[PDB]
Amino acid sequence: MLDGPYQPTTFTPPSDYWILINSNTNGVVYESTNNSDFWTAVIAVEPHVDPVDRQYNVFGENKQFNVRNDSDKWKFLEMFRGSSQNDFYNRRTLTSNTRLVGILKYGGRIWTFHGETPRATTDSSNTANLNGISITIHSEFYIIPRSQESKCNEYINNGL
């Protein structure tokens with residue numbers, strides 16, 4: 001039940017579907033917010049990057065983040081804030097040779113994968129406004145129903 005690929009766009013998915021983004025370059029992979037209590041932007045860092053300050057345009061704001069990647073695999077840094085006044089901190093990191101980043105709205109929370117392939121695992125983030133969270137996606141993506149999360153886990157950890 002893997003549908004796609006779909007080209008980069010902005011939308012608000014329904015609950016109960018994994019969005020699986022096939023990142024093909026460094027920089028911002030997606031940006032997601034409800035404009036109240038939830039902002040997440042994922043930043044892709046290519047292998048073998050010494051600590052360095054990099055600039056990224058997220059939510060129309062130029063931000064500087066100090067990044068690194070000591071591993072041969074790509075790193076996907078979740079940058080989160082809970083308020084517009086709050087600084088974007090690296091809340092989770094997905095280290096992956098599969099370049100598959102996932103997001104699901106389910107059960108009043110946002111679910112994403114983090115850890116290191118092929119052992120990456122899901123994690124939840126709370127919000128008081130799940131429905132209002134939209135997403136801007138900068139690479140091609142797929143959709144798969146939550147009922148097939150075992151398959152989604154397989155794709156995140158072992159590839160398409």
Side-chain angles (χ1 to χ4, degrees), residues 1-34 38-52 54 56-58 65-81 88-127 130-131 133-160:
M1 312 206 276
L2 190 69
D3 286 340
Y6 306 114
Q7 294 310 296
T9 195
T10 297
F11 79 122
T12 306
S15 288
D16 304 349
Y17 295 88
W18 280 99
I19 294 350
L20 295 186
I21 306 168
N22 187 20
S23 172
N24 66 329
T25 194
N26 68 356
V28 185
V29 178
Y30 72 81
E31 308 161 55
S32 178
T33 189
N34 57 15
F38 183 91
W39 286 257
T40 300
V42 165
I43 300 299
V45 184
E46 69 277 17
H48 303 294
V49 171
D50 291 335
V52 66
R54 283 181 178 181
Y56 302 95
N57 195 274
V58 291
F65 301 132
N66 189 260
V67 304
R68 70 185 300 160
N69 184 356
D70 298 341
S71 159
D72 48 1
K73 297 180 172 108
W74 281 70
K75 281 187 187 268
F76 300 91
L77 287 51
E78 283 179 26
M79 304 305 297
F80 177 75
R81 67 182 185 193
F88 284 106
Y89 66 96
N90 179 203
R91 183 171 178 178
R92 304 185 184 82
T93 298
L94 174 65
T95 301
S96 171
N97 67 308
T98 75
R99 295 167 105 154
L100 284 194
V101 179
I103 315 157
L104 162 74
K105 300 187 162 200
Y106 168 66
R109 302 172 181 96
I110 293 288
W111 301 76
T112 53
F113 282 84
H114 70 144
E116 180 167 348
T117 62
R119 299 175 186 78
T121 207
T122 67
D123 202 23
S124 66
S125 305
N126 290 309
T127 178
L130 184 63
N131 292 339
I133 298 172
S134 63
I135 193 167
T136 292
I137 301 170
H138 295 301
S139 292
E140 74 180 8
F141 68 97
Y142 298 83
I143 69 91
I144 190 173
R146 195 182 66 83
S147 69
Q148 305 297 308
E149 184 164 307
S150 167
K151 286 175 183 223
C152 180
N153 191 293
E154 173 61 23
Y155 296 125
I156 290 283
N157 277 308
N158 296 284
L160 297 171

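For reference, positions follow the sequence shown, starting with 1.
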> Would you say that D72 contacts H48 through its side chain, given a criterion of any heavy-atom pair below 4.5 Å between the two side chains?
yes
> Report the residues that fulfil salt bridge (charged side-chain N to carboxylate O under 4.0 Å, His left out) with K75, sequence neighbours left out, ordered by chain and then residue number.
none
> Taking all non-hydrogen atoms of both residues, which atom of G102 and which atom of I156 are closest, and how far apart?
N-CD1, 3.7 Å
> Answer with yes or no whether the side chains of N24 and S139 bring together a donor and an acceptor at under 3.5 Å.
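Short answer, yes.
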> How long is the straight-line distance from CG of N22 back to CZ of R99, given to the nearest 0.5 Å?
8.0 Å
> Are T98 and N157 close enough that a side-chain donor and a side-chain acceptor fall under 3.5 Å?
no
> Check the pair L20 / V101 against side chain to side chain contact (heavy atoms under 4.5 Å, CB included), numbers first and verdict last.
CA-CA 6 Å; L20 295 186; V101 179; over 6 Å; no
> What are the two closest heavy atoms between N131 and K105, and how far apart are they?
O-NZ, 3.3 Å
> Are any of the side-chain heavy atoms of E116 and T93 separated by less than 4.5 Å?
no
> Is there side-chain contact between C152 and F113, with heavy atoms separated by less than 4.5 Å?
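In contact.
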> If you round to the nearest 0.5 Å, how far is OG1 of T122 from CG of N153?
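The OG1 atom of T122 is 8.0 Å from CG of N153, to the nearest 0.5 Å.
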> With ring pair (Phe, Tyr, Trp, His ring centres under 6.0 Å) as the test, would you mind laying out the steps for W18 and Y106 before giving the verdict?
CA-CA 9 Å; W18 280 99; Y106 168 66; 9.5 Å; no
> Ignoring hydrogens and angles, tell me if any N or O in the side chain of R119 forms a donor-acceptor pair with the backbone of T117 under 3.5 Å.
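Absent.
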> Looking at CG of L130 and CG of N34, how far apart are the two atoms once the value is rounded to the nearest 0.5 Å?
8.5 Å
> With the threshold set at 4.0 Å, does a side-chain nitrogen-carboxylate oxygen contact exist between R92 and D123?
yes
> Which heavy atom of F38 sits nearest a heavy atom of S125, and at what distance?
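Heavy-atom minimum between the residues: CE1-CB, 4.1 Å.
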> Can you tell if the side chain of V58 reaches within under 4.5 Å of the side chain of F88, non-hydrogen atoms only?
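Yes, close enough: below the 4.5 Å cut-off.
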> Applying ring-ring contact (aromatic ring centres under 6.0 Å, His included), can you list everything that pairs with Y155, at least two apart in sequence or on another chain?
none
> Take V29 and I43 through the side chain to side chain contact (heavy atoms under 4.5 Å, CB included) test and state the conclusion after the steps.
CA-CA 6 Å; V29 178; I43 300 299; over 6 Å; no
> Distance alone, cut at 3.5 Å: any donor-acceptor contact between the side chains of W74 and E46?
no
> Quick one: OG1 on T9 to CD1 on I135, what's the gap to the nearest 0.5 Å?
11.0 Å
> List the steps and the verdict of side chain to side chain contact (heavy atoms under 4.5 Å, CB included) for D3 and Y17.
CA-CA 11 Å; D3 286 340; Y17 295 88; over 6 Å; no
> Quick one: does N26's side chain have a donor or acceptor within less than 3.5 Å of a partner on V45's backbone?
no
> Are side-chain heavy atoms of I21 and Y30 found at a separation under 4.5 Å?
yes
> Of all heavy-atom pairs between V67 and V49, which one has the smallest distance, and what is that distance?
O-CG1, 4.5 Å
> Do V42 and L77 make a side-chain contact, defined as non-hydrogen atoms from C-beta onward lying under 4.5 Å apart?
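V42 vs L77: side chains apart.
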> Taking the side chain as everything from C-beta on, heavy atoms only, tell me whether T40 gets closer than 4.5 Å to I110.
no
> Looking only at atom types and distance, does a side-chain atom of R81 sit under 3.5 Å from a main-chain N or O of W39, one as donor and one as acceptor?
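Flag not set: sc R81 to bb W39 has no pair under 3.5 Å.
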> If we ignore angles and hydrogens, is there a donor and acceptor under 3.5 Å between the side chains of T12 and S134?
no
> What residues form a salt bridge (charged side-chain N to carboxylate O under 4.0 Å, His left out) with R91, not counting sequence neighbours?
none
> For the CD1 atom of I103 and the OG atom of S32, what is their distance to the nearest 0.5 Å?
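So the gap between those two atoms works out to 6.0 Å.
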> Any donor-acceptor pair under 3.5 Å linking the side-chain atoms of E78 with those of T112?
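Distance-only check passes for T112 and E78.
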> Answer yes or no: are there more than 12 heavy-atom neighbours, outside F65 itself, under 6.0 Å from its atom CZ?
yes
> Side-chain contact, heavy-atom cut-off 4.5 Å: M1 with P145?
yes
> Verify side chain to side chain contact (heavy atoms under 4.5 Å, CB included) between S23 and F76, making sure each step is shown before the conclusion.
CA-CA 9 Å; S23 172; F76 300 91; 3.5 Å; yes
> Taking it one step at a time, do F11 and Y6 satisfy ring pair (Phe, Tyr, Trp, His ring centres under 6.0 Å)?
CA-CA 12 Å; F11 79 122; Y6 306 114; 8.4 Å; no
> Hey, could you give me the CD1/CD distance between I144 and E149, rounded to the nearest 0.5 Å?
9.5 Å
